[PDB]
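J.: My questions will all concern the structure given below.
No value in this document is a laboratory result; all are computed from the given coordinates. In this analysis, Cβ positions are derived from the backbone assuming ideal geometry, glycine residues included, and neighbour counts consider all displayed protein chains.
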Amino acid sequence: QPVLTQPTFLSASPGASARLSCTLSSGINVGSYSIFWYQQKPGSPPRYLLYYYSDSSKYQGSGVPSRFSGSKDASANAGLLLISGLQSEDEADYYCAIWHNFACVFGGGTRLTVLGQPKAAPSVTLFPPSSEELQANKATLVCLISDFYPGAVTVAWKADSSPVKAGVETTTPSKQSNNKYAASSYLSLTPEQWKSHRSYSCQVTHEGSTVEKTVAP
Amino acid sequence: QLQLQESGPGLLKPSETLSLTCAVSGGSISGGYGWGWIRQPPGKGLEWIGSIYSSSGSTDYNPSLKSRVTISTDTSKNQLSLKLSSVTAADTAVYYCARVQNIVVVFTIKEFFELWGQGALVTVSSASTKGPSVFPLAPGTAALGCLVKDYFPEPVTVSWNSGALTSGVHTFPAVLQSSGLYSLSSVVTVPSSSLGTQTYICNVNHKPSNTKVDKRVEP
């Protein structure tokens, strides 16, 4: 099995401490390895945090707050990344790494969730087809969904009052920089279909309640 | 004060050679410990590709990739290079260049990736590049935007007013359509009172097709 194992997910409370583990497989002693830690937020390159070998041999990455520290758990054969005073902004993927037999070995990464974020309804903006698209004999309705929490929605479309399932493409929700979620849905129509109805609606359901936006030719 | 300026994203056909460069600015590619390359397939974890050391010119490659990898530097161009031959779809990834710093531990010297380039998504596919069609989404805050339809491969970047406008901009992650092409939208929220006097232009760059479109969005 891989030399380094990290839990896929970890949740922790704001203001408390997060304890992220990097477990070395049996046959490899954690006492013998320097453990390096990297943090990665969406969109951006990994950031070196710190390394820890022992209390006498460790060093902090440039610009990394002392909230982040390293340690080892001998009985669990694991390196630890400890984050105190946990902030919402600390939500990220964290990778451990060691050098082993001349190679840089990365753990699979842990995605850290910081608990206690409030429920939030989606903001929905719906755009009709542009004149330019219609002139190209195409039509796309654009439904943009933002700032919702937790990160799950379902989207349905209506032509007047009738369900439309064909021509719908919807993204999975993705975490925004503010830790809320975004998604979008696109309905492809012919210009004739667009012009032949009184209206179309995008209907976004989140936690059992629905927000609907309507546009018309 | 060094910074790494990495070359851009693009598409390769299987069997071709990937070639990326990184220009060092703000100082010299020499005089430090070394340089390296790391990659990350979309939605997956980090994988080290290899490193090169400045004093010796010696290299250390990931053994699973060694037969295909060449990392080198050119001092006159202040430039770091990666070549990876005979690519397949398994090589689709964001590739990062990085500066390597050594650290004295107890029994050994070790090293870490101290400074990183921004990444370049290299996609390996039999499909052809396709540049996006860009349409304006016409608008007290008002929302206006741009629809970036039917492109391949990722990525597309969108700025507004040549990057001058950043407040209230939300560029959404792309949808992957059943056709295999991507579409995304970018929306900017602006004062509604400004609409008659302020020009709004979305700048849509699709580097893998060397194509950028600047679309005026009007009421």
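J.: I want to check a number: in chain B, how many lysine pairs have alpha carbons closer than 16 Å, given a sequence separation of 8 or more or different chains?
T.: Counting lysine pairs in chain B gives 9.
J.: Let me ask another. Using a 7 Å offset from the Cα along the Cα-to-Cβ direction at both A:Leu10 and B:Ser126, what is the distance between the two label points in nm, to one decimal?
T.: Reported label-point gap for A:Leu10 and B:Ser126 is 4.3 nm.
J.: How many percent of the alpha carbon pairs in region A:117-217 exceed a separation of 24 Å?
T.: Everything past 24 Å amounts to 24 percent.
J.: Set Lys and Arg Cβ to +1 and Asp and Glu Cβ to -1, take the dipole of region B:2-126 about its Cα centre, and tell me which of B:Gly119, B:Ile109, B:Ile49 lies farthest positive.
T.: Farthest towards the positive pole: B:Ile49.
J.: Pairs of alpha-carbon atoms within less than 8 angstrom and 6+ residues apart define the contacts here; what relative contact order does chain A have, in percent?
T.: Once divided by the residue count of chain A, the mean separation gives 18 percent.
J.: Rg over Rh of the protein assembly as shown, using C-alpha atoms and the Kirkwood radius, what does it come to?
T.: Taking Rh as the inverse mean 1/r over Cα pairs, Rg/Rh reads 1.01.
J.: Here's another thing I want to ask about it. Kindly provide the Kirkwood hydrodynamic radius of region A:85-142 in Å, to one decimal, from all pairs of distinct alpha carbon atoms.
T.: Hydrodynamic radius (Kirkwood, Cα only) of region A:85-142 equals 16.8 Å.
J.: For chain A, state the semi-axes of the equivalent ellipsoid (square roots of 5 times the eigenvalues of the alpha-carbon gyration tensor), sorted largest first and rounded to whole angstrom.
T.: Equivalent ellipsoid semi-axes, largest first: 49, 17, 14 Å.
J.: How far is it, in nm, from the label point at B:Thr88 to the one at B:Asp74 when both lie 7 Å from their Cα along the line to the Cβ?
T.: The answer from the label model is 3.1 nm.
J.: Then there's this: With only alpha-carbon pairs counted, each pair once and no self-pairs, how large is the Kirkwood hydrodynamic radius of region A:2-116 in angstroms?
T.: Value: 14.2 Å, from the Cα pair sum.
J.: Now for a different question. Give me the three principal axis extents of region B:1-63 from the C-alpha atoms, as integers in angstrom, largest value leading.
T.: 37, 27, 24
J.: If eta is 0.692 mPa s and T is 37 °C, what Stokes-Einstein diffusion coefficient results for region B:44-109, Kirkwood Rh from Cα pairs, in µm²/s?
T.: This corresponds to a translational diffusion coefficient of 238 µm²/s.
J.: How large are Rg and Dmax for region A:1-49 when calculated on the C-alpha trace, in angstrom?
T.: When restricted to Cα atoms, region A:1-49 yields Rg and Dmax of 13.3, 37 Å.
J.: Determine the dipole magnitude for chain A: charges of +1 sit on the beta-carbon of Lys and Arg, -1 on that of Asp and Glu, nothing else is charged, the reference point is the Cα centre, and the result goes in debye to the nearest 20.
T.: 140 debye
J.: Something else about it: Which value does Rg/Rh take for region B:2-126 over its C-alpha atoms, Rh per Kirkwood?
T.: That ratio is 0.97, to two decimals.
J.: Let me check the size of chain B from its C-alpha atoms; what are the radius of gyration and Dmax in Å?
T.: Over chain B's Cα set, Rg and Dmax evaluate to 20.8, 69 Å.
J.: With charges set only on the Cβ (+1 for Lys and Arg, -1 for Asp and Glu), what does the dipole of chain B come to about its Cα centre, in debye to the nearest 20?
T.: In debye, rounded to 20, chain B gives about 220.
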